[PDB]
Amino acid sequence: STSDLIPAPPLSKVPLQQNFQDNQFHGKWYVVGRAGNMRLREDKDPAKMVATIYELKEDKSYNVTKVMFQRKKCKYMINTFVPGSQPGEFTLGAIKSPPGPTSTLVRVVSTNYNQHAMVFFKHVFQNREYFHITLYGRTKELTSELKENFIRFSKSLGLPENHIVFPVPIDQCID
């Protein structure tokens, strides 16, 4: 019953974009890189996380739409991101646990609002701690240095190279 997962990193290792601007983060973000500690079945035709749409509300929470591609069909999932103790930090909307997570955390590590963003996610289910880092662009195209940073950050959190992927994107689900 001790978890065999790669341990979640201390929060001291997960920065927040300084002077985080919630109004600018707002909008559509394409998934460019993904990395996390869940073990993922080797699949010769995996489902894809296409993009995430962050809609800033009057109460300063986000209405989040996850755009997925599953067996050749676009799918759309909704979450709410409620602000946390610092700017750029969030938790998921109250959701029933068990079997939902007992805690969540979102940290926008870095972003320049108009090009790239890198977001850290943690979901804890009692003893077991899952985490994920997503590299996002306003387009599907990012700079090598921005990608190389995401690689280095993911590694700094204890993730081996094989848990760090840049999925080939779809031409679908958005326009």
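A residue's number is simply how far along the shown sequence it sits, counting from 1.
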For 108-116 versus 42-50, entry-based mean Cα B-factors point to 42-50
With B-factors read from the PDB entry, the higher C-alpha mean of 117-125 and 60-68 is in 60-68
On the chain's distribution of Cα B-factors, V168 falls within the third called middle
In terms of its chain's C-alpha B-factors, the third that includes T91 is the middle
Quick tally, chain-level thirds of C-alpha B-factors: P99 sits in the middle
Quick tally, chain-level thirds of C-alpha B-factors: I174 sits in the highest
Here the Cα B-factor of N23, set against its chain, lands in the third termed middle
